[PDB]
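K.L.:
Structure incoming, see below.
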There are 2 protein chains.
Amino acid sequence: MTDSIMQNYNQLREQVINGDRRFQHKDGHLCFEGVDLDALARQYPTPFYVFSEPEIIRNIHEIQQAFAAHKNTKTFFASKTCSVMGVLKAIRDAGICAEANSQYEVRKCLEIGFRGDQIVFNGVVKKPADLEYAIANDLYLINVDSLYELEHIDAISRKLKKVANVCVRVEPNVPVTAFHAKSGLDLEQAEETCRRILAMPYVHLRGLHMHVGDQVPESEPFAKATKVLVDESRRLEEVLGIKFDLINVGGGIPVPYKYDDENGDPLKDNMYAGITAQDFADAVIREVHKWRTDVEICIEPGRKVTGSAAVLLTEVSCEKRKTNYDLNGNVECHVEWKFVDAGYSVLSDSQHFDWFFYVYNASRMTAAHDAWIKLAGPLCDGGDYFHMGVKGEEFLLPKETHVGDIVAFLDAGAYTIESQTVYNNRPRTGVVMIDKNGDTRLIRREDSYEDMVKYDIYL
Amino acid sequence: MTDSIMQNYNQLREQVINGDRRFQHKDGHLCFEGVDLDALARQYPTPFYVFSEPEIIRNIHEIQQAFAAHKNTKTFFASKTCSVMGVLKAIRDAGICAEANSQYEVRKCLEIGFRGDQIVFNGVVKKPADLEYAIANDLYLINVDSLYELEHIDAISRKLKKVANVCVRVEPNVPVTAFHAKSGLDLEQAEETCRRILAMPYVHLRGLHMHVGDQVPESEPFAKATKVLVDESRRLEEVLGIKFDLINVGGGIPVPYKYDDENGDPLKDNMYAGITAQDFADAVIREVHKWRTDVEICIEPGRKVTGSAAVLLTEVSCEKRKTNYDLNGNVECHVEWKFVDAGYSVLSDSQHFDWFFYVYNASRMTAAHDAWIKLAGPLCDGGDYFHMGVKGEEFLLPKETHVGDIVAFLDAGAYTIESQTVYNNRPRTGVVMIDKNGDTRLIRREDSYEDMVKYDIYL
């Protein structure tokens, strides 16, 4: 019933401001770590993202606590999730390490203060220049994704006379893997890869690596895939006469994007998180301890560290009513369009990956969200409106919603910044940080006009 | 039959190098306007786009020739399609005008040499600062998209004491329009909007505006929608006692992305262009001439100007074979993966809009493309491979294809540059131009490391 959906959404709204560790209300406005978000959006031009260092810390503590029973566990934040320097600084200051996915990501992590022995470099295309930069900076791990890439690692480590620390990435076939997974080696190739590495003077084999996927909604895939990696690690220790330093089990811990679990099925709608960080650790640690309790476990969480820790703030900038009439002139329906100053060039996954984010009127957060509306962006593009609504393509906002109100998208902290574009020559957004003491500062400027022509060469 | 698909694709390959106005072959390499693309990709680091000024001129001449029977026709390139300054310069030098979709797009068009009276500014979200910039620079047209926006235009034109030239955008319901079209006013609102404008001292009503869509595969939608705009233009001249300057019919002329029309259905697969520029003009001019033969017709083509006029060049940077085995150890299939140094962060529409682009080995363009392969990008993301293949997700390349070969994506000139991202901190690409004399120059640099941290604020 449309009634039950509206009631349910407003119960969720009341829970945001009365039972959520991240949020409060003051003067009718949504607050984030004590910061009035209506007022904040009057200090900085919209649209912009605002991150919470407190929530990043909470997410890291959840992950670390999940692995308490295995003392030798190292956590590497997957920086492709978000690499604004102030966010990386917060993750460093919380005490964990960094995973990097290109040459420039390695360099950024070094610049912001991660030591080489706190960085893992992963990739399917690591060119000689990428490998030379990584080996020169003594990284904790460089993953081996293919036999072709291993030839370069051998040649370059010999040239630099510096040891390359490596893990061999294996992708288990856990019921297509050949046809759908570009990453890693087949299980059948792990032994010959490790044998080749053991003969190289300046390459050090540290263990095996896998990564099963993103926003994973059940625990058995981590468990079955971890068992495969563990069984092969055990067998290679015996066959090759060695003892591995570590096993790297990757990332994939999901984040709740819809919270009413009683009303969802994570296997049909993975906006419902199927599992928790504790379920992930329970799967990994149990399978590893069938082999060794002392070996180091490496994990590479991305989404879980930052996903819940940002909000997108965007101003209602225009409004219109459209009306469909039949042939006799009678009204078929009214459509209430609200236009915000952020579109899919700002929030890419709302279009390209059918991703749901909670939407509320932050200026009227204690008011009933009782009007069905369609929410559009500012791009000159018929497709730039938000399709992932509360009911179909329709959202709920207070009927009193006014141009100038601030709209908030929740859970906007993962894969939302580096994926922005300058389509229509609208600038990529500023980013604000709420630090752990509750104070705010700008950590990324909005693209300026100059920024957008400076790459071009012209008279 | 898989046989017939392979034969057909190689007939298309032979047509590229023996019957295409854009391309030739030399020393086994694909050439573009006489430029060896293998050699060009050794001068500039891949991946990069290369545009052809000759082909841009050819596309403009097609459009202009299509409208020969209506002398008073003005052509505005939709710059959201591609706004690299060197591409805008080529379009200016070919003699047409410019359509702009944000404040910064207006400013760019002015900077590269378009006069104010050569610029149309369109948008659903034109804030006071956007309107003030536009009115101050005496633009040919600012479109009116909503009653709310018209209040700002009246106030700001009075403040500046400068006339704002406007067209009223109407979106016809041509069999949902209320529910799926965010842009424009209802037909029923056109009269009251025009009446309001006629009473404003510093606003000048020039006519009505529509835009039906992108890559439109039949002519009847342009014809029915144009008739609606024409019938309302006629009626308002009578009711209001005026004579319009113009009628603006927008863009939407399609580009062929698959060329074997004998084997396609444009209504099921709009990679087949359903119509030509001449079909578009035939629809528009016939409907307009039922009202007036002297009125100015404005058109706003985007894709058609640049789509066919660029190639994406990317190096084969890694290779691997993956193999699926059954429970008895026998081989089910081999999968040959080829990795190029461009992924969906470089060519966005290949993922987000299921767009097809022809793919060939430019280093081996005269060789049979006889091996089924899967083509992957460099991003640390399981989804970063090209899904829109020759047969399903599979592409055809010569079996001899080697790391270091240059792969070309054809028809890569529309909506491909401003949509790039810095995901994984891989840089947005350089862009090269072949000028009308056949010589090459860099017109956009590749993003540098510095470029990618300079927006951030950190210690």
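Here's how to read the names in the structure tokens: chain A, B, ... by the order shown, residue numbers from 1 in each chain, ligand numbers from 1 in the order shown.
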So that each row is one residue of chain B with an atom at most 7 Å from chain A, can you give its shortest atom pair and the distance in Å to one decimal, using only C-alpha atoms, rows by chain and rising number, as CSV?

P.N.:
residue,atom,partner,partner_atom,distance
B:80,CA,A:424,CA,4.9
B:84,CA,A:456,CA,6.5
B:85,CA,A:456,CA,6.3
B:86,CA,A:458,CA,6.3
B:101,CA,A:424,CA,5.7
B:102,CA,A:424,CA,6.2
B:104,CA,A:425,CA,6.0
B:105,CA,A:425,CA,5.9
B:123,CA,A:380,CA,5.7
B:124,CA,A:378,CA,6.0
B:125,CA,A:378,CA,5.2
B:146,CA,A:320,CA,6.6
B:148,CA,A:318,CA,6.7
B:178,CA,A:322,CA,5.1
B:179,CA,A:335,CA,6.2
B:181,CA,A:382,CA,6.5
B:182,CA,A:382,CA,6.8
B:186,CA,A:322,CA,6.5
B:317,CA,A:125,CA,6.6
B:318,CA,A:125,CA,6.5
B:319,CA,A:148,CA,7.0
B:320,CA,A:146,CA,6.6
B:322,CA,A:178,CA,5.1
B:323,CA,A:178,CA,5.7
B:324,CA,A:178,CA,5.8
B:335,CA,A:178,CA,6.1
B:352,CA,A:352,CA,5.0
B:378,CA,A:125,CA,5.2
B:380,CA,A:123,CA,5.7
B:382,CA,A:181,CA,6.5
B:418,CA,A:423,CA,5.0
B:419,CA,A:421,CA,5.4
B:420,CA,A:421,CA,6.2
B:421,CA,A:419,CA,5.4
B:422,CA,A:418,CA,5.4
B:423,CA,A:418,CA,5.0
B:424,CA,A:80,CA,4.9
B:425,CA,A:105,CA,5.9
B:426,CA,A:102,CA,6.6
B:443,CA,A:457,CA,4.8
B:444,CA,A:456,CA,4.3
B:445,CA,A:455,CA,5.5
B:449,CA,A:104,CA,6.3
B:455,CA,A:444,CA,5.5
B:456,CA,A:444,CA,4.3
B:457,CA,A:443,CA,4.8
B:458,CA,A:86,CA,6.3

K.L.:
Those residues with C-alpha atoms, as a PDB file, in the first residue's frame please?

P.N.:
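So the final result, stored in result_31.pdb, reads:
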ATOM      1  CA  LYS B  80      28.128  19.493 -23.922  1.00  0.00           C
ATOM      2  CA  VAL B  84      37.983  20.913 -25.536  1.00  0.00           C
ATOM      3  CA  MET B  85      39.065  24.358 -26.681  1.00  0.00           C
ATOM      4  CA  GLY B  86      40.735  23.089 -29.868  1.00  0.00           C
ATOM      5  CA  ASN B 101      24.743  24.323 -21.077  1.00  0.00           C
ATOM      6  CA  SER B 102      26.292  26.066 -18.067  1.00  0.00           C
ATOM      7  CA  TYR B 104      31.353  27.999 -17.588  1.00  0.00           C
ATOM      8  CA  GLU B 105      30.366  26.699 -21.049  1.00  0.00           C
ATOM      9  CA  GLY B 123      19.233  24.843 -18.893  1.00  0.00           C
ATOM     10  CA  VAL B 124      16.826  23.612 -16.256  1.00  0.00           C
ATOM     11  CA  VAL B 125      18.800  25.157 -13.352  1.00  0.00           C
ATOM     12  CA  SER B 146      10.079  27.238 -16.028  1.00  0.00           C
ATOM     13  CA  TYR B 148      10.161  30.129 -11.516  1.00  0.00           C
ATOM     14  CA  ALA B 178       4.686  14.676 -17.408  1.00  0.00           C
ATOM     15  CA  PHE B 179       6.409  11.771 -15.608  1.00  0.00           C
ATOM     16  CA  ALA B 181      10.453  14.731 -19.175  1.00  0.00           C
ATOM     17  CA  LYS B 182      11.904  17.139 -16.612  1.00  0.00           C
ATOM     18  CA  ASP B 186       3.584  22.096 -20.869  1.00  0.00           C
ATOM     19  CA  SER B 317      49.365  -3.816 -21.965  1.00  0.00           C
ATOM     20  CA  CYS B 318      48.925  -7.368 -20.601  1.00  0.00           C
ATOM     21  CA  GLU B 319      47.479 -10.729 -21.605  1.00  0.00           C
ATOM     22  CA  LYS B 320      46.362 -13.905 -19.875  1.00  0.00           C
ATOM     23  CA  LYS B 322      41.992 -18.468 -18.079  1.00  0.00           C
ATOM     24  CA  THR B 323      40.691 -22.019 -18.233  1.00  0.00           C
ATOM     25  CA  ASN B 324      37.600 -23.678 -16.778  1.00  0.00           C
ATOM     26  CA  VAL B 335      39.192 -17.566 -22.310  1.00  0.00           C
ATOM     27  CA  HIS B 352      27.065   3.259 -18.229  1.00  0.00           C
ATOM     28  CA  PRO B 378      43.195  -1.412 -16.201  1.00  0.00           C
ATOM     29  CA  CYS B 380      41.020  -2.543 -10.037  1.00  0.00           C
ATOM     30  CA  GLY B 382      35.798  -6.589 -11.562  1.00  0.00           C
ATOM     31  CA  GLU B 418      34.152  15.578 -20.256  1.00  0.00           C
ATOM     32  CA  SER B 419      32.700  12.288 -18.934  1.00  0.00           C
ATOM     33  CA  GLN B 420      36.092  10.877 -17.920  1.00  0.00           C
ATOM     34  CA  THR B 421      36.973  10.387 -14.244  1.00  0.00           C
ATOM     35  CA  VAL B 422      40.078   9.969 -12.081  1.00  0.00           C
ATOM     36  CA  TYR B 423      38.837   6.692 -10.545  1.00  0.00           C
ATOM     37  CA  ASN B 424      41.750   4.647  -9.153  1.00  0.00           C
ATOM     38  CA  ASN B 425      43.679   7.935  -9.602  1.00  0.00           C
ATOM     39  CA  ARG B 426      44.319   7.006 -13.232  1.00  0.00           C
ATOM     40  CA  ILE B 443      45.146  20.015 -27.599  1.00  0.00           C
ATOM     41  CA  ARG B 444      44.681  18.610 -24.064  1.00  0.00           C
ATOM     42  CA  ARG B 445      47.392  17.339 -21.724  1.00  0.00           C
ATOM     43  CA  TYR B 449      50.130  13.770 -10.559  1.00  0.00           C
ATOM     44  CA  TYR B 455      42.363  20.475  -5.517  1.00  0.00           C
ATOM     45  CA  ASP B 456      42.987  19.014  -2.036  1.00  0.00           C
ATOM     46  CA  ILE B 457      43.809  21.068   1.065  1.00  0.00           C
ATOM     47  CA  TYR B 458      46.329  19.354   3.335  1.00  0.00           C
TER      48      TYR B 458
END

K.L.:
Which of range 281-346 of chain A end up as helix (DSSP H, G or I) when DSSP is run on this backbone - answer as a list in words?

P.N.:
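Selecting the helix (DSSP H, G or I) positions of range 281-346 of chain A gives residues 281, 282, 283, 284, 285, 286, 287, 288, 303, 304, 305, 306, 307, 308 and 309 of chain A.
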
K.L.:
Output N, CA and C atoms for every residue in that selection, as a PDB file, in the first residue's frame.

P.N.:
ATOM      1  N   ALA A 281      34.696 -11.628   9.428  1.00  0.00           N
ATOM      2  CA  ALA A 281      35.817 -12.129  10.214  1.00  0.00           C
ATOM      3  C   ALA A 281      35.591 -13.575  10.649  1.00  0.00           C
ATOM      4  N   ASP A 282      34.370 -13.906  11.095  1.00  0.00           N
ATOM      5  CA  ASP A 282      34.076 -15.281  11.500  1.00  0.00           C
ATOM      6  C   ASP A 282      34.377 -16.264  10.371  1.00  0.00           C
ATOM      7  N   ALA A 283      33.986 -15.926   9.137  1.00  0.00           N
ATOM      8  CA  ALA A 283      34.273 -16.809   8.008  1.00  0.00           C
ATOM      9  C   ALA A 283      35.775 -16.939   7.783  1.00  0.00           C
ATOM     10  N   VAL A 284      36.475 -15.800   7.746  1.00  0.00           N
ATOM     11  CA  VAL A 284      37.896 -15.794   7.416  1.00  0.00           C
ATOM     12  C   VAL A 284      38.706 -16.503   8.495  1.00  0.00           C
ATOM     13  N   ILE A 285      38.496 -16.140   9.761  1.00  0.00           N
ATOM     14  CA  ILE A 285      39.370 -16.652  10.815  1.00  0.00           C
ATOM     15  C   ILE A 285      39.170 -18.149  11.004  1.00  0.00           C
ATOM     16  N   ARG A 286      37.925 -18.620  10.941  1.00  0.00           N
ATOM     17  CA  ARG A 286      37.681 -20.048  11.110  1.00  0.00           C
ATOM     18  C   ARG A 286      38.397 -20.849  10.032  1.00  0.00           C
ATOM     19  N   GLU A 287      38.364 -20.376   8.782  1.00  0.00           N
ATOM     20  CA  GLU A 287      39.009 -21.155   7.728  1.00  0.00           C
ATOM     21  C   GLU A 287      40.524 -21.091   7.843  1.00  0.00           C
ATOM     22  N   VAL A 288      41.066 -19.926   8.196  1.00  0.00           N
ATOM     23  CA  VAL A 288      42.512 -19.806   8.327  1.00  0.00           C
ATOM     24  C   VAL A 288      43.024 -20.669   9.478  1.00  0.00           C
ATOM     25  N   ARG A 303      34.653   0.095   1.005  1.00  0.00           N
ATOM     26  CA  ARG A 303      33.340   0.690   1.244  1.00  0.00           C
ATOM     27  C   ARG A 303      33.024   0.826   2.733  1.00  0.00           C
ATOM     28  N   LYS A 304      33.332  -0.198   3.531  1.00  0.00           N
ATOM     29  CA  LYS A 304      32.893  -0.202   4.928  1.00  0.00           C
ATOM     30  C   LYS A 304      33.558   0.902   5.740  1.00  0.00           C
ATOM     31  N   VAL A 305      34.768   1.319   5.360  1.00  0.00           N
ATOM     32  CA  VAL A 305      35.468   2.342   6.130  1.00  0.00           C
ATOM     33  C   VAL A 305      34.779   3.699   5.993  1.00  0.00           C
ATOM     34  N   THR A 306      34.380   4.072   4.768  1.00  0.00           N
ATOM     35  CA  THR A 306      33.875   5.419   4.536  1.00  0.00           C
ATOM     36  C   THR A 306      32.413   5.532   4.100  1.00  0.00           C
ATOM     37  N   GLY A 307      31.754   4.440   3.709  1.00  0.00           N
ATOM     38  CA  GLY A 307      30.458   4.561   3.056  1.00  0.00           C
ATOM     39  C   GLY A 307      29.435   5.323   3.885  1.00  0.00           C
ATOM     40  N   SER A 308      29.309   4.962   5.158  1.00  0.00           N
ATOM     41  CA  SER A 308      28.315   5.554   6.042  1.00  0.00           C
ATOM     42  C   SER A 308      28.717   6.925   6.570  1.00  0.00           C
ATOM     43  N   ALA A 309      29.903   7.418   6.213  1.00  0.00           N
ATOM     44  CA  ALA A 309      30.512   8.543   6.903  1.00  0.00           C
ATOM     45  C   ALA A 309      30.457   9.848   6.114  1.00  0.00           C
TER      46      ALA A 309
END

K.L.:
In Å, with one decimal, what is the gap from CA of residue 36 in chain B to CA of residue 399 in chain B?

P.N.:
21.9 Å

K.L.:
What parts of range 138-339 of chain B does DSSP call strand (DSSP E)? I'd like the answer as an MDAnalysis selection string.

P.N.:
chainID B and resid 141:144 164:169 203:209 246:248 296:299 310:325 331:339

K.L.:
For the atom pair CA of residue 235 in chain B and CA of residue 207 in chain B, what is the interatomic distance in Å to one decimal place?

P.N.:
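Result for CA of residue 235 in chain B versus CA of residue 207 in chain B: 12.3 Å, one decimal.
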
K.L.:
Pick out the residues sitting within 7 Å of residue 72 in chain B, and hand them over as JSON, numbers by chain; count only C-alpha atoms, and ignore anything fewer than 2 positions along from it in its own chain.

P.N.:
{"B": [70, 74, 294, 295, 296, 297]}

K.L.:
Name all residues at most 10 Å from residue 232 in chain A (count only C-alpha atoms; drop same-chain ones fewer than 6 positions away) and give them as a PDB file with N, CA, C and O atoms, in the first residue's frame.

P.N.:
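Output below, filename result_27.pdb:
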ATOM      1  N   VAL A 170      45.122 -15.353  -6.651  1.00  0.00           N
ATOM      2  CA  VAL A 170      44.447 -16.522  -7.195  1.00  0.00           C
ATOM      3  C   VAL A 170      42.960 -16.232  -7.140  1.00  0.00           C
ATOM      4  O   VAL A 170      42.464 -15.774  -6.108  1.00  0.00           O
ATOM      5  N   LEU A 187      43.671 -21.274 -10.007  1.00  0.00           N
ATOM      6  CA  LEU A 187      44.266 -22.072  -8.936  1.00  0.00           C
ATOM      7  C   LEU A 187      45.362 -22.982  -9.474  1.00  0.00           C
ATOM      8  O   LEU A 187      46.409 -23.165  -8.842  1.00  0.00           O
ATOM      9  N   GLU A 188      45.132 -23.553 -10.649  1.00  0.00           N
ATOM     10  CA  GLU A 188      46.049 -24.514 -11.239  1.00  0.00           C
ATOM     11  C   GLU A 188      47.407 -23.902 -11.577  1.00  0.00           C
ATOM     12  O   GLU A 188      48.380 -24.644 -11.759  1.00  0.00           O
ATOM     13  N   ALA A 190      48.978 -21.539  -9.568  1.00  0.00           N
ATOM     14  CA  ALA A 190      49.613 -20.968  -8.390  1.00  0.00           C
ATOM     15  C   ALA A 190      50.962 -21.614  -8.116  1.00  0.00           C
ATOM     16  O   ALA A 190      51.934 -20.920  -7.785  1.00  0.00           O
ATOM     17  N   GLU A 191      51.046 -22.940  -8.255  1.00  0.00           N
ATOM     18  CA  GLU A 191      52.281 -23.636  -7.912  1.00  0.00           C
ATOM     19  C   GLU A 191      53.424 -23.222  -8.833  1.00  0.00           C
ATOM     20  O   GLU A 191      54.529 -22.913  -8.368  1.00  0.00           O
ATOM     21  N   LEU A 208      49.554 -15.785  -0.602  1.00  0.00           N
ATOM     22  CA  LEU A 208      48.531 -15.720  -1.639  1.00  0.00           C
ATOM     23  C   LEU A 208      47.507 -14.629  -1.319  1.00  0.00           C
ATOM     24  O   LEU A 208      47.378 -14.179  -0.176  1.00  0.00           O
ATOM     25  N   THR A 226      37.837 -18.495   0.902  1.00  0.00           N
ATOM     26  CA  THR A 226      38.961 -18.510   1.833  1.00  0.00           C
ATOM     27  C   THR A 226      39.497 -19.926   2.010  1.00  0.00           C
ATOM     28  O   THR A 226      40.718 -20.141   2.036  1.00  0.00           O
ATOM     29  N   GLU A 238      53.939 -27.432   2.066  1.00  0.00           N
ATOM     30  CA  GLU A 238      54.460 -28.795   2.074  1.00  0.00           C
ATOM     31  C   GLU A 238      55.297 -29.078   0.826  1.00  0.00           C
ATOM     32  O   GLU A 238      56.439 -29.539   0.925  1.00  0.00           O
TER      33      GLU A 238
END

K.L.:
Given only C-alpha atoms as the basis, pick out the residue of A:33, A:411, A:62, A:245 nearest to residue 359 in chain A.

P.N.:
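Among A:33, A:411, A:62, A:245, it is A:411 that comes nearest to residue 359 in chain A.
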
K.L.:
Contacts of residue 248 in chain B at 6 Å or less, counting only C-alpha atoms, minus same-chain residues fewer than 2 places along, as JSON, numbers by chain?

P.N.:
{"B": [209, 250, 297, 298, 299]}

K.L.:
Could you name the residues that touch range 362-365 of chain B at 9 Å or less, counting only C-alpha atoms, but leaving out those on the same chain fewer than 2 positions away, as a list in words?

P.N.:
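With the cut-off at 9 Å, the set is residues 13, 14, 17, 25, 28, 29, 30, 31, 37, 38, 39, 313, 359, 360, 367, 368, 369, 397, 398, 400, 401, 405, 406, 407 and 408 of chain B.
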
K.L.:
CA of residue 166 in chain B and CA of residue 132 in chain B, how far apart in Å?

P.N.:
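Interatomic distance, CA of residue 132 in chain B to CA of residue 166 in chain B: 13.8 Å.
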
K.L.:
Give me the residues within 12 Å of residue 158 in chain A as a ChimeraX atom specification, counting only C-alpha atoms and dropping any in the same chain fewer than 3 places off.

P.N.:
/A:132,135-136,151-155,161-164,200-203
